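Participant: My sequence and its experimental structure, below.
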Amino acid sequence: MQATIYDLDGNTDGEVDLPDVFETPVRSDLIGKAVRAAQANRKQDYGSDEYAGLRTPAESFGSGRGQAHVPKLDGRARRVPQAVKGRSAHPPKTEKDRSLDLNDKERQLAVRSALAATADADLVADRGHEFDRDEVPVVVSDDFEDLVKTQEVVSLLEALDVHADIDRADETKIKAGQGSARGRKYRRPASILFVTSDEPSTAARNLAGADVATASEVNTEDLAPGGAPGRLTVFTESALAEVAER
Amino acid sequence: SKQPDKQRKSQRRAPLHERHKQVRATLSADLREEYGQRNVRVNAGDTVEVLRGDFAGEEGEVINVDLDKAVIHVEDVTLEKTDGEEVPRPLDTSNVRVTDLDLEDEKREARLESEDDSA
Amino acid sequence: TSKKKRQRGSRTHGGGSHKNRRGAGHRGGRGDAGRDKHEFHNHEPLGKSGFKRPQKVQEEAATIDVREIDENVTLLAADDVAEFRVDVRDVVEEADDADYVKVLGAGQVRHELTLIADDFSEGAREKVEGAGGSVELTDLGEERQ
Amino acid sequence: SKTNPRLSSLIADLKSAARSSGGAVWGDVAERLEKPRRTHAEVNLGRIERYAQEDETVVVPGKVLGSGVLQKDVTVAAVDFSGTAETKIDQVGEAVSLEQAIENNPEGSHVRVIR
RNA sequence: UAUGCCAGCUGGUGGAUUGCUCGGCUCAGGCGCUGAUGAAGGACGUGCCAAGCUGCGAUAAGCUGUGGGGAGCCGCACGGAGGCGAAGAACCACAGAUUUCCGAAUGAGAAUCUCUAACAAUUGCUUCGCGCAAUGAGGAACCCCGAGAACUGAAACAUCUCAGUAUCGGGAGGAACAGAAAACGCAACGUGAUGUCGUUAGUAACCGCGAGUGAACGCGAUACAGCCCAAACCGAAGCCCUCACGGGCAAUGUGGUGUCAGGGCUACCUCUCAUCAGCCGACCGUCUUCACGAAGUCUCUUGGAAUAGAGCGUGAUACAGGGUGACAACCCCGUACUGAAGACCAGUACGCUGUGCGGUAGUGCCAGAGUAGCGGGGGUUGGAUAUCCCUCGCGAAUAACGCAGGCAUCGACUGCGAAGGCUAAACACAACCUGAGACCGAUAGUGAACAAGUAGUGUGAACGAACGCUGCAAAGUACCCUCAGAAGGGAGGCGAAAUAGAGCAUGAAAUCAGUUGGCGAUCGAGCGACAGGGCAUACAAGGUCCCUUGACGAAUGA
RNA sequence: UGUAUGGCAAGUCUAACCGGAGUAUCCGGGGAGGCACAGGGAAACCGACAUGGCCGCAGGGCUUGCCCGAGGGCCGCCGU
Ligand SMILES: [Cl-]
Ligand SMILES: [Cl-]
Ligand SMILES: [Cl-]
Ligand SMILES: [Mg+2]
Ligand SMILES: [Mg+2]
Ligand SMILES: [Mg+2]
Ligand SMILES: [Mg+2]
Ligand SMILES: [Mg+2]
Ligand SMILES: [Mg+2]
Ligand SMILES: [Mg+2]
Ligand SMILES: [Mg+2]
Ligand SMILES: [Mg+2]
Ligand SMILES: [Mg+2]
Ligand SMILES: [Mg+2]
Ligand SMILES: [Mg+2]
Ligand SMILES: [Mg+2]
Ligand SMILES: [Mg+2]
Ligand SMILES: [Mg+2]
Ligand code: NA
Ligand code: NA
Ligand code: NA
Ligand code: NA
Ligand code: NA
Ligand code: NA
Ligand code: NA
Ligand code: NA
Ligand code: NA
Ligand code: NA
Ligand code: NA
Ligand code: NA
Ligand code: NA
Ligand code: NA
Ligand code: NA
Ligand code: NA
Ligand code: NA
Ligand code: NA
Ligand code: NA
Ligand code: NA
Ligand code: NA
């Protein structure tokens, strides 16, 4: 198919062929698998102290004093799992493999599929993104890679009727639960992904909910945050080109 | 760091000289324009206007600045004890704005004016 | 919902009498214990059998059936075409760490083939010649005698 | 519980055909795809060549693989083909997706099931 | 209707629950030795008032200098009194001063004190004098060398296994150890020091051939690096102390040469860019610290308070995280960007100086002995005839020789030179610094968020808890009455709230006081389920229900 | 050792590790090696049906009981 290229003003400026990958049948099950793996693979090993609750010579008096056969020291029960201060029977363990494998072919296929889900206005709208447009992904001239001010990228996006999505992501959520105590107090919607060719858009990255990536390594999470396909994206003339051989 | 426990910790255990940044208040529009800074370390001489508490709207002279507790005493911003004595109601520089600076110290004025250092 | 997830409340978690899941006695001994007594069933019989020749005196032949060669003669467009002619050595994978390449005679041969290998089976020749072909034996293959 | 959304649709389409049109193979193929993947068909060319006949569509209730040779000019319809299979077939005949077969022949006529 | 049963209400007791996190747990990166110049640890001191902790040491919460920092300060610790700071204090970084007693503890003795100059003891050098030096002890584990179980598994048990594990003795370093082939043996016209990682492989091998045990060569990677003696031939040409003088060492050999690309010697060819010694000496990177650093504190409403709702506006190479009287990019610290410093990399790389590599022919000049190897007895290993080691006995050759290639002997072939020595880098741990988290969230998580190895127990080795939360601000309750009264009570005052009033957020159950409804001093015990009656009931979140008659009307049926 | 789902298929998967980067994620590279592609025999050593026949389910065809009949079942035949 064909994709309309836009200049830094929001006016059409030609158009190239939308590479074949964007015709890869959307495969949410595969995309979800790839994202679940990426998320699990960055999780850190953890586990309680191997010796917690065991640092004691507590013994059971056995029968005779009308007490349960529970190990005790200085009159207090210890060590056993049913005892306060006792060991944790089956605790989290460092040794556990918290990683997930994924065949390269299966992962690459999901990348292509997530890419394809990008060129579908309906999917993108379903995923939740707010925008007034028909053609998608939003393709732009390589001069985008030279912008420097975030404000500039704003105007361009407003000129593309795609800034509404950033308005959507301009609201952090204060999560329910103790994540808060571990530094995970806030969370916010995912907005526009900006794929360029040379380097990530320093100018757009701070946009609320935005994520910046490069065609050579843009991944499944990038294209389908949370495993949900159809992210409102904006490629770069050259970006669109590179992506094709992924 | 990014972890809340460490953030609050470093702020509560910061050595005395680092406590200075904890008693900084925003500068009035004129003062901002005049010295090229958005805020300054409130001093016992400066004049300030209360922008937030139950005393919002009132102005007065900074009578005391405690680095330990990171709080300031502003003239007439008080509380009436039971016996009748009028004691000061501590304020966080964050809810305050500097409208006039005490510049008797050569050093403060110098820093306050250099474009490469902030006071 | 998995089986494990439905055990809370069952008390015995599927082990039957709570007097069951205790120690190794419930398994008739640790590991293969009693493989010659109470649990002899399904264990291979005890005893020694045969001998082994030292590892470095053993030869490993790289083999391939005519069927594989023949089925891909056309596809092997990167190999000699005569009045075809192929050097098995270049076809068989794992032909480096192999002591020698041998052609086996499984399947049919629907082409005139001139095969060169270190060794052939009776049926490999019979089939290759019967299809109007020849079998060339490598210099290495010159160990037949 | 199939996971592939595409396989799900295919199966629903194979049914709709078996019910609407007269196709009985379609409902037959649907019932096999619904069964465990391990029971699905994995057929190599050598087997198609042996039992297929021209003007009779070969229907594989599974996937076609590339081992062996195919000379007959037949239209093979499967859930999927290995890249090699699809290539060798189109050289002497035609490789087609069940989704297409269901459309060109909803009555499922003149077809031979091969596994 | 007493004693009393059940449920509730008001108040309590209790401290669950919810919310909160100054602590833990785990992972990751960096970094890493201290001590006779007396460490680490401990004792006792030290403050205006000082019990604990921390700091410090008779100069005692400190003294000096330089740099930073800044108008405040006098640790935790918010009192009273007083003091210090523009003579630039506090505070931070580096450097220096001081630094009691015991402690390896070293003049001698001793439960931290005492008695009459002291490296005690063992060593090396030696002016043979403690004159110059060394050792000792500590450290989270890691590392190396020795000693070395048992429960257990084998459904008993002895070999085997647990296991060369636990534990013990000795000792090094920031890493250890290993290491330039008497190798390998995909047997080759091949590989080429050593660790380590992935694999080879649960393969080969062991084994009451039971249970079990269990490599290597090679390969793919990481990192790479290669050298010095002994002897031959020279023969004092040498080395150490000292400013010097002078002394000491050294023919039982200091020093030159040389080290399998064998060397030496004799005769030549050519040349050095090898090697070895020494000088100089980083970039980048990484880790930590620091400077600078954009934009609202505008309107209305609510509120005790606006980081809320509604409205208007702004920055963003910065929408990480935290603070602030409630949900904050723009109020404060930070954060992006840029820049600086220190540490590690590293006295390494690069560069340089000096030396001089190599080749031909001749020469039986040299080339590490209780060794190689054999036997007896054991241990150990996968090592089987074929692992590695100990012990007792025996015991060779000399490169024209010797060892190895998984049984022995002889020959061939291939590899390689033992019985002297050194060696960067890649790897282990986690004391220390910093970072991180689908970890826990105060009976959890460390034993320890608190006085935590604290209180406390034991003669001792050793053992060992519990205790987090007022409020936005102390505004931490003046005055009056009562009382034996700084008690408590009453009244009163503060605050949005005192049922937030001091172990003070919330405040469950068990349970207690008072009290409401029902029952109740002639009556029977799994305490109820289902039916049906009495009596009792503010609202809300349920709104149905009763009787006449009529319609419909299964089985059944006068 | 099964099973369900999913990728690829006569193949399939990388391990350590290397480069990139948005720097534990992630993108690219890495096939060493493993399993599968032939078995039988202690070993030496030797080395197989891309289908020859018959039943016949599903499914298809036909002029509506008659054909073709994958899979499956019964034999043949082949390697050791
Ligand atoms: Cl064998
Ligand atoms: Cl097949
Ligand atoms: Cl080799
Ligand atoms: Mg515990
Ligand atoms: Mg919760
Ligand atoms: Mg300034
Ligand atoms: Mg002494
Ligand atoms: Mg036993
Ligand atoms: Mg080691
Ligand atoms: Mg036995
Ligand atoms: Mg063992
Ligand atoms: Mg070996
Ligand atoms: Mg020398
Ligand atoms: Mg043993
Ligand atoms: Mg605890
Ligand atoms: Mg005792
Ligand atoms: Mg309370
Ligand atoms: Mg290979
Ligand atoms: Na303990
Ligand atoms: Na009891
Ligand atoms: Na793990
Ligand atoms: Na069971
Ligand atoms: Na049980
Ligand atoms: Na057993
Ligand atoms: Na038996
Ligand atoms: Na090889
Ligand atoms: Na360190
Ligand atoms: Na004290
Ligand atoms: Na000191
Ligand atoms: Na000494
Ligand atoms: Na002496
Ligand atoms: Na037993
Ligand atoms: Na026994
Ligand atoms: Na044994
Ligand atoms: Na504020
Ligand atoms: Na011996
Ligand atoms: Na050898
Ligand atoms: Na607690
Ligand atoms: Na391979």
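Facilitator: Sure thing, it's come through. Numbers count the residues shown, from 1 in each chain, chains lettered A, B, ... in the order given. Ligands and ions are numbered 1, 2, ... in the order given.
Participant: pretty sure residue C:70 is in contact with residue C:112, am I right?
Facilitator: No - if you go by Cβ atoms under 8 Å, residue C:70 and residue C:112 don't touch, sitting 10.6 Å apart. (Each C-beta comes from the backbone N, C-alpha and C, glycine too.)
Participant: okay, now residue A:47: neighbour count?
Facilitator: Residues within reach of residue A:47, counting by other Cβ atoms under 10 Å in any protein chain shown, total 12.
Participant: Between residue C:70 and residue C:112, point out the one with more neighbours.
Facilitator: Counted by other Cβ under 10 Å, residue C:70 and residue C:112 do not tie: residue C:70 has more neighbours, with 21 against 16.
Participant: With chain D as the reference, measure out to the more buried one.
Facilitator: 9 Å (Cβ to the nearest Cβ, to the nearest Å).
Participant: which residue ranges form the strands in chain C?
Facilitator: C:61-65, C:85-87, C:100-104, C:114-117, C:119-120, C:134-137 (DSSP state E).
Participant: Which residue, neighbours along the chain excluded, lies closest to residue C:3?
Facilitator: Computed as Cβ to Cβ, 6 or more residues apart in numbering or on different chains, the closest residue to residue C:3 that is not its neighbour in sequence is residue C:14, at 7.9 Å.
Participant: got the contact list for residue A:134?
Facilitator: Contact analysis of residue A:134 by Cβ atoms under 8 Å, 6 or more residues apart in numbering or on different chains lists residue A:121.
Participant: Would you quantify the distance from it to RNA strand E?
Facilitator: Per Cβ to the nearest atom of the strand, to the nearest Å, residue A:134 is found 25 Å from RNA strand E.
Participant: which secondary structure element contains that residue?
Facilitator: Using DSSP states H and E, residue A:134 sits in no helix or strand.
Participant: so which residue of chain D comes closest to ligand 23?
Facilitator: At 33.2 Å from ligand 23, residue D:1 is the closest residue in chain D, using Cβ to the ion.
Participant: count of neighbours near that residue?
Facilitator: 3.
Participant: need the residues of chain A near chain B, please.
Facilitator: Counting by Cβ under 8 Å from any Cβ of the partner chain, the residues of chain A lying close to chain B are A:180, A:181, A:182, A:183, A:185.
Participant: let's go with 10 Å and repeat that
Facilitator: Within chain A, the positions near chain B by Cβ under 10 Å from any Cβ of the partner chain are A:180, A:181, A:182, A:183, A:184, A:185.
Participant: which SS class is the residue in chain A positioned nearest to ligand 24?
Facilitator: Going by Cβ to the ion, ligand 24 is nearest to residue A:90 of chain A, at 25.4 Å. Taking DSSP: H, G, I helix; E, B strand; the rest coil as the rule, one finds residue A:90 in the coil state.
Participant: Next one: it from chain B, what distance?
Facilitator: Residue A:90 is 28 Å from chain B, by Cβ to the nearest Cβ.
Participant: Same check on residue D:77?
Facilitator: 57 Å.
Participant: same question, residue C:6
Facilitator: Counting by Cβ to the nearest Cβ - residue C:6 and chain B are separated by 39 Å.
Participant: need the contact list for that residue.
Facilitator: Contact analysis of residue C:6 by Cβ atoms under 10 Å, 6 or more residues apart in numbering or on different chains lists C:13, C:14.
Participant: Can you pull the phi/psi pair for residue A:232?
Facilitator: phi -60, psi 110 (degrees, to the nearest 10).
Participant: and chain B, which of its residues are near ligand 35?
Facilitator: Residues of chain B found near ligand 35 (Cβ under 5 Å from the ion) are B:94, B:95.
Participant: and the longest strand along chain B, is it in reach of RNA strand E?
Facilitator: As assigned by DSSP E, the longest strand anywhere in chain B is strand B:59-66. Yes - using Cβ under 7 Å from any atom of the strand, strand B:59-66 reaches RNA strand E at B:62, B:64, B:65, B:66.
Participant: Packing partners of that strand?
Facilitator: Contact partners of strand B:59-66 among helices and strands, from 3 or more Cβ pairs under 10 Å, 6 or more residues apart in numbering or on different chains; DSSP states H and E: strand B:47-50, strand B:71-74, strand B:96-100.
Participant: Tabulate the ones you listed (CSV), appending mean neighbour count and distance to ligand 2.
Facilitator: Below are the helices and strands packed on strand B:59-66 laid out as CSV (neighbours: other Cβ atoms under 10 Å in any protein chain shown; distance: least, Cβ to the ion, whole Å):
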stretch, mean neighbour count, distance to ligand 2
strand B:47-50, 20, 87
strand B:71-74, 21, 84
strand B:96-100, 20, 84
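Participant: Turn the ones you listed into TSV, columns for distance to residue B:82.
Facilitator: Below are the helices and strands packed on strand B:59-66 laid out as TSV (distance: least, Cβ to Cβ, whole Å):
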stretch	distance to residue B:82
strand B:47-50	25
strand B:71-74	20
strand B:96-100	28
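Participant: For those strands, give me a markdown table that also has distance to ligand 1.
Facilitator: As requested, the helices and strands packed on strand B:59-66 are exported to a markdown table (distance: least, Cβ to the ion, whole Å):
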| stretch | distance to ligand 1 |
| --- | --- |
| strand B:47-50 | 96 |
| strand B:71-74 | 88 |
| strand B:96-100 | 91 |
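Participant: Could you report the distance from the residue of chain A found nearest chain D to ligand 35?
Facilitator: Closest contact between chain A and chain D, by Cβ to the nearest Cβ, is at residue A:29 (4.8 Å). Residue A:29 is 50 Å from ligand 35, where distance means Cβ to the ion, to the nearest Å.
Participant: hang on, the earlier thing: please pick the buried ones from the residues of strand B:59-66 next to RNA strand E.
Facilitator: Buried subset of the residues of strand B:59-66 next to RNA strand E (neighbour count, 16 or more other Cβ atoms under 10 Å in any protein chain shown): B:62, B:65.
Participant: check contacts around the residue nearest to residue C:3.
Facilitator: The contact partners of residue C:14, by Cβ under 10 Å, 6+ apart, come to C:3, C:4, C:6, C:7, C:20, C:21.
Participant: right, and the last one touches residue C:11 too?
Facilitator: No - the pair residue C:21 and residue C:11 fails to qualify as a contact (Cβ atoms under 10 Å) at a distance of 11.6 Å.
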